[PDB]
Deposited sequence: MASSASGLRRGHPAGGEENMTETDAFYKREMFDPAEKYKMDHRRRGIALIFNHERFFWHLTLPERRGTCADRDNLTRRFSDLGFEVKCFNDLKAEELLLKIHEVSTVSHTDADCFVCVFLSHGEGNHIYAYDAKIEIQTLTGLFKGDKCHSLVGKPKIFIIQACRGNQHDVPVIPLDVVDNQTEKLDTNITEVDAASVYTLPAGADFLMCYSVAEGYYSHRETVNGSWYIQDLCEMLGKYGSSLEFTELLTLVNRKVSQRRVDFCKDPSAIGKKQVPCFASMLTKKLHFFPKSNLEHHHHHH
């Protein structure tokens, strides 16, 4: 009775919520390519997730009191009619040590809220966290899919006005193959595209190697919703 092609059933009325979180709290000063690239990432992400059928919410940690309200409300919501949940963590490239340390606490809080014990509404439903990296950054959970812009011990290359290499290469793959390929198959393409995107500065010969940790159990497809 064991099925090697079993998929997470994406038949529910709602696809789910796509949370786009921007880490901007303690970045002391921003160049315009830094201000412009994070915006292109939020918009390119909002487009691609909306096309697959996601409800998109964008938050910033600049509004400290609003944040606790915004994070709590989304956690309390029930996802019984949702197929899956998606969270995206956007962080700037070169920040101070407090900015990066705050990033670790926020990722550990966000992933912790949707664990099996804390979110019965998402049990057996995939929880997809896409993290853009800068005392741990590697958590776990059942039916979780953790996607990192850069693996441990690898460098991430500077943000541009067009955006970030990981995001833009993810969005382009989502637009071309969002409904076509399985998500792990799609992310494997992002790994090759970003790694092959090997590119005036003192960082010559360096490649950005993305990574995804999968605790999923069934195949993940995003066939056109209806």
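Taken in order along the deposited sequence, the stretches absent from the coordinates are 1-30, 165-197, 263-266, 294-302.
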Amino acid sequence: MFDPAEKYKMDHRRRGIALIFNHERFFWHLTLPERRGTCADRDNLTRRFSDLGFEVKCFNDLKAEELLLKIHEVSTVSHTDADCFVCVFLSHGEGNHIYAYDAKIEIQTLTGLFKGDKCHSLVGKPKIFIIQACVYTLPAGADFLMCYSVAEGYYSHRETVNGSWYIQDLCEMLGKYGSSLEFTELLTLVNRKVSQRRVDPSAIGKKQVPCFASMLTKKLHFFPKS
From here on, numbers count along this sequence of modelled residues.
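As listed in the deposited structure, the average C-alpha B-factor of 118-126 and of 143-151 is greater for 118-126.
Between the stretches 209-217 and 16-24, it is 16-24 that shows the larger average CA temperature factor. Between the residues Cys39, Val199, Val190, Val56, the entry's highest C-alpha temperature factor is the one at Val199. Which of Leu138, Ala103, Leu110, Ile131 has the largest Cα B-factor in the deposited entry comes down to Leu138. In the deposited entry, the Cα temperature factor of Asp51 places it in the middle third of its chain's modelled residues. Ranked by C-alpha B-factor against the other modelled residues of its chain, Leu30 falls in the highest third. Ranked by Cα temperature factor within the chain, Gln168 sits in the middle third according to the deposited record.
Split the chain's modelled residues into thirds by C-alpha temperature factor. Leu67 is in the highest one. For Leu181, the recorded CA B-factor ranks within the middle third of the chain. Only modelled residues enter the ranking.
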